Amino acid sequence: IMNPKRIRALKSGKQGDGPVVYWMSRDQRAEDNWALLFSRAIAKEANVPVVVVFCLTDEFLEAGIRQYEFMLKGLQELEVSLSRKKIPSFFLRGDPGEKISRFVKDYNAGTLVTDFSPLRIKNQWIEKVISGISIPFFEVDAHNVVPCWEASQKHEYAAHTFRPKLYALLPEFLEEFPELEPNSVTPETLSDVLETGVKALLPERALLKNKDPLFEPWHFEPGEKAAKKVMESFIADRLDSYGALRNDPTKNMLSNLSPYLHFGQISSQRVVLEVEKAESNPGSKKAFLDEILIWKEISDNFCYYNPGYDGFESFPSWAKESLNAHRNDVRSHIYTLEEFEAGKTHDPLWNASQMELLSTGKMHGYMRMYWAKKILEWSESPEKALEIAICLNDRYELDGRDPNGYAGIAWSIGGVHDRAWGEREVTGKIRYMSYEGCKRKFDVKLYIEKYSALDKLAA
């Protein structure tokens, strides 16, 4: 039995007599899954089978092959891991509000379970689902270490107000995962799906002049197994010097975990457990935990309590006041979406970062902050900057379309979870970042040098 405040009753009803169906969505993995572990639990009590259903919405069209290969290949692996433990996996195509409801009837599901996501479109779908089912319907936070609706009931103004809260709750929720018990009872194509999708997304590929792709797909092998190794090599090779090199992009000293945590291919709670027991720097473990605990989960807190998380209106009062005061200011440059996208600005280090984004699908965490603040400076308005920053983040980051994306863009452009700094023209009081500031931190000429000879080779 697991901690019962990880569950929240979406719909009450009378328990069916069919199997218990887990509607996977955020947490695409079989280990370390409070949503899967809970569903198994209530099917063993009901003495019924547990099964997984996954829905494949048209959303893969609003991004690239890169994200879809990465996630489809992952699911190809999960489906096998699940049938190992005797748990069937069903793959729906279409709109959840309709297809999940149909499945719930067509298999005679006795209880519905899902994982937790704060993006508006899950609440939309869930709310259709509730309407068309009669069975009970459960939702489990399987993504955060502390259930979002439990760490805080309000928008948290800053990391230092969240932090005493989150940490006062870890002795309760930071625990080991039990074993996923195979099915005892035995209930009664993703190859085409992955081909069909790439023939669709192929006319939109990001190509170089010579028509081979920009994207390089060997930096991150998708899937649960590949993720475990990225966690272990992190703990053994990179964790010890994270604190002191987090900010250098010429070093590859990050965890590189974010494509995995986004597709739920690995549990942040598992990471935390392995980091905690590891014996590296106390400084570095502090650095690291605060990014995967405080910053990650306050990003869910943000989107969960501010339905306008991808818009201007969600900036803090002072932020908007300041930015409106400077809408009339003359911008040093202005660039269009296309120009940013193609890395055609005056700033070679900015374009360098953009080139890291296009070719690899994961931009360095420090360069990300620089990236968005310089979009605000050379956009024609704050709204356009947001719109540009979201469109390029979500289109090219393997970890895009994610609460961290919005809560990081908002931190960057609109000062959300941050404070006021010295007033500038165009960018108001938003924390400024400078090219020369980057030079006191790392060897910009190497970072630039790495992605040079790719703007020329692309168009």
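Sequential numbering from 1, following the sequence displayed.
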property: Residues of the deposited sequence left unbuilt between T189 and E188; result: 4 to 9
property: Between the two ranges 100-108 and 229-237, the one averaging a larger CA B factor in the entry; result: 100-108
property: Comparing 249-257 with 84-92, the one whose average Cα B-factor in the PDB entry is higher; result: 84-92
property: Out of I266, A342, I135, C303, highest CA B-factor residue; result: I135
property: Peak C-alpha temperature factor (PDB record), options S381, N183, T360, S299; result: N183
property: Ranked C-alpha temperature factor of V426 among modelled chain residues, by third; result: middle
property: Chain-wide C-alpha B factor ranking for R368, given as lowest, middle or highest third; result: lowest
property: B-factor third for the C-alpha atom of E150 within its chain; result: middle
property: Modelled-residue ranking by C-alpha temperature factor, third containing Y396; result: lowest
property: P217 by Cα B-factor - lowest, middle or highest third of the modelled chain; result: lowest
